[PDB]
Structures are given as structure tokens and as C-alpha cells.
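Reviewing the structure listed below.
Bear in mind that the values in this text are calculations on the coordinates, not laboratory data. Cβ atoms come from the backbone with ideal geometry, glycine included; neighbour counts cover every protein chain shown.
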Amino acid sequence: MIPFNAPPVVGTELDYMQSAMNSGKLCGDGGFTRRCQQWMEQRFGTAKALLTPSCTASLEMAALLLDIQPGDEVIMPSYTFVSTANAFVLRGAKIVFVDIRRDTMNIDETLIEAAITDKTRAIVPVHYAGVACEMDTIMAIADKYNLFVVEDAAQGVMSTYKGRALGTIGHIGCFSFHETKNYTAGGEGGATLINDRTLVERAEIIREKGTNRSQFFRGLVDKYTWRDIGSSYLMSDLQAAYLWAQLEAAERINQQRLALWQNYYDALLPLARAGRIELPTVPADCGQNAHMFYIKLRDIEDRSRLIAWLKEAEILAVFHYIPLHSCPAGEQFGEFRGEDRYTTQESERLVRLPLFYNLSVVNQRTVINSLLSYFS
Ligand SMILES: [Cl-]
Ligand SMILES: [Cl-]
Ligand SMILES: [Cl-]
């Protein structure tokens with residue numbers, strides 16, 4: 001049985017976790033947390049990297065960091081994971097959905113400005129499949145209207161846009177280390193990346209349960225106190241040690257996934273040039289991370305038939321997002337501005353193929369040959 005995903009395994013995780021257990025300090029903000037956060041700061045360039053329990057928690061932390069208030073409007077795609085919306089609705093935001101581009105399934109940057117109102121406070125681009133949104137256009141829009149930009153870079157660890165690491169471009173960026181993403185912190189995890197230097201101090205306060213604890217450890221105050229509403233956005237140092245093993249192998253993993261990605265593209269390009277399917281687009285300025293390999297079929301019937309075909313060959317391929325805006329909570333918490341030209345239509349024909357670090361070359365060729373048989 002060929003699964004859709006298997007978590008990355010590097011072969012050093014156990015050793016690093018054992019080392020963490022030898023230190024006797026497994027709670028958050030430990031030695032391996034510092035190592036991972038320093039690595040992201042050094043290699044990606046953010047002002048502060050902060051490990052969290054999940055990308056969901058990182059997104060919630062960003063909404064709280066931005067002091068989102070009831071009635072504030074947050075612009076985001078409808079074609080994204082539910083947590084992108086929840087994080088802001090939890091702070092009372094109304095969600096303003098904007099259609100996606102057909103070529104990359106990312107929010108259409110040429111549609112964001114038309115959705116801005118005097119209540120708009122932030123824009124949340126989602127880098128679908130590790131392919132960056134058109135960030136220069138989005139930052140220019142946000143600066144013209146004095147909006148925060150929050151990157152949902154859950155799928156974009158090691159991705160770049162014009163040489164810049166995804167997650168370091170907006171004011172705040174969020175990573176996911178769930179076992180289905182490129183790197184995993186032992187099953188679950190996330191990171192908030194603070195790129196606006198004026199937000200670092202507040203980020204440290206809300207992450208530390210609303211206290212100026214980090215400021216006390218720095219020696220700037222005699223004692224710390226409860227000074228704001230906060231939460232606990234901490235990863236265990238056990239999970240940070242698992243993550244470190246993976247981050248130490250960051251390029252190894254990235255290069256393996258990219259090579260696998262390119263075998264899919266080579267094999268399926270003829271079916272695309274014949275117009276039977278559509279393959280992913282990777283715009284010139286975008287350095288992808290092979291988070292997924294998706295294809296688009298004619299419609300949901302074509303998609304369903306291919307998935308059930310692959311299932312009968314014991315290959316697990318899956319579709320992705322259902323548009324948030326036409327879900328019951330989406331109609332309650334948000335509105336879709338402008339026409340839904342591509343969000344529903346394109347979501348209904350997209351299928352994702354098995355892709356993961358340890359996917360064998362033999363299993364991959366089995367997937368390819370089953371696909372070719374279906375279209376033959
Ligand atoms: Cl601003
Ligand atoms: Cl097509
Ligand atoms: Cl085969």
C-alpha cells in the first residue's frame with residue numbers, strides 16, 4: 001500500500017532526544033529550542049524565531065500580537081486551511097475572502113486592493129504548495145494602506161521568493177512542523193517568525209503567558225509580572241530536539257523532495273501538453289520546496305474517478321481544500337468579495353500525489369505507471 005505521506009525520518013532523532021533527556025530540561029525554551037530558533041534566525045533572517053505547538057498556534061499568536069479586535073477585517077484566500085481563518089475569528093475578526101489565481105492557487109494579488117475597507121487591518125497570503133504568493137505586490141499594497149501582512153508559510157519551510165526565505169517577508173510569518181509537512185517536530189509543532197522589529201517585545205510577552213519573563217532573564221527588570229493577556233505558545237524541548245535532527249538535514253530533505261517532484265513532472269508533461277491534465281506552475285521568482293505535487297483534472301467527476309482508480313491499485317492520492325467561504329462557519333464568519341471564478345472550480349479538480357522524503361523510487365514509478373494507465 002503506497003500512502004500519500006510518511007513523516008520525514010533522518011536517522012538521528014533518537015540520539016538528539018536522548019541527549020535532551022540527559023540534560024534533564026524538557027520544557028519549552030530549552031537548549032534545543034534555542035538551537036532551532038538560532039538556526040532559523042541565522043539561515044532565514046527573521047528578527048526572532050519562536051517555536052510553538054503548531055502552525056495553528058503560531059497563527060493565533062500573530063492575530064493576538066496584532067491586537068485584532070471585533071469587527072476588524074482580515075483579507076485571506078478562501079482556498080486555504082481552516083486554521084488560517086480560525087486564528088483571526090477567535091479574536092473577533094470578520095474574514096474577507098478573495099479569489100485565487102488559476103496558475104498557482106495562491107491569492108490573486110491583483111484582487112486584494114478592491115477588498116480593502118476602513119476596517120481592514122491585515123492580509124494573510126498563503127504560500128500554496130510551497131510556491132510563494134506575489135509578495136512584492138502584496139507588501140506594496142499593505143504599505144499603501146498601513147496593513148499588517150501575515151504569511152501563512154505552513155507549507156513553505158525552505159521555500160524562497162527572490163532569494164528571501166518564505167516566512168521572513170511579511171511582518172509576521174508562521175511555519176508548520178506537522179508530520180505531513182516537510183520537517184516535523186516529532187509530529188506537531190510550529191514557529192512564529194517576527195520580521196517587524198517593533199513587534200518582538202510584544203511577541204515575547206504574549207508567548208510567555210502575558211509576563212515580561214524574557215525581559216527578566218535579560219537582566220532589564222528586577223522581577224517580572226503579569227502585564228498583558230497572553231497564552232502558552234511553547235514547544236517542548238523534546239520536540240525541538242526531533243526538529244533539530246530534521247533542520248540539520250534541511251537541504252538533504254529539500255533536494256530529495258525536489259528530485260522526486262521533478263520525476264512526476266517529467267513523466268506527466270506529455271499528458272499536460274496534450275491538454276488532458278494541468279501541472280503546477282512555479283513562477284520565475286519562486287523557489288519551491290516540493291511540499292506537494294498536484295495535478296488538475298477536468299472536473300470533480302474526473303478527479304473522483306482517478307482517486308478511486310488509484311485506490312484500487314493501493315495508491316492513496318487525495319484532494320485538498322474545500323473552500324472555506326461556502327462552509328457553514330465561513331458564511332457566518334466571513335464574506336467572499338468579488339466573483340468566485342477559480343476558488344470553487346479549481347479546488348474541485350485538484351488531486352495531490354504521494355510525495356514525501358522517504359518515498360522510494362520504485363513506489364514513485366508505480367504511481368506514475370498507474371496514472372499513465374488511467375489516461376491511456
Ligand atoms: Cl502597519
Ligand atoms: Cl485540464
Ligand atoms: Cl508498477
Additional length obtainable on full extension of the chain from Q42 to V361, 0.36 nm per residue less Cα span:
111.5 nm
DSSP H helices in the chain with Cα extent of 20 Å or more along the helix axis and mean Kyte-Doolittle hydropathy at least 0.5?
361-375
How do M17, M61 line up, fewest other C-beta atoms within 10 Å first?
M17, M61
To the nearest 0.05, what FRET efficiency results for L14 and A250 with a Förster distance of 30 Å applied to their C-beta separation?
0.95
The chain - mean residue ellipticity at 222 nm from DSSP helices (-39,500 (n - 2.57) per run, n ≥ 4, rounded to 500):
-11500 deg cm²/dmol
Between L372 and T110, what FRET efficiency follows from the Cβ-Cβ distance if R0 is 35 Å, with the result rounded to 0.05?
0.45
Between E339 and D103, what FRET efficiency comes out of the Förster formula 1/(1 + (r/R0)^6) with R0 = 22 Å and r the beta carbon distance, rounded to 0.05?
0.80
Unit charges at the beta carbon, dipole of the chain: most positive-side option, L310, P354, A272:
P354
Please report, in debye to the nearest 20, how large the charge dipole of the chain is about its Cα centre when each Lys and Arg carries +1 at its beta carbon and each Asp and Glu carries -1 there.
600
What whole-number distance in Å separates the alpha-carbon centres of the stretch 321-376 and the stretch 185-207?
30
Could you line up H291, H320 from fewest to most neighbouring Cβ atoms inside 10 Å?
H320, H291
What ranking of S19, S54 emerges when the number of other C-beta atoms within 10 Å of each C-beta is taken as an exposure proxy, fewest first?
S19, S54
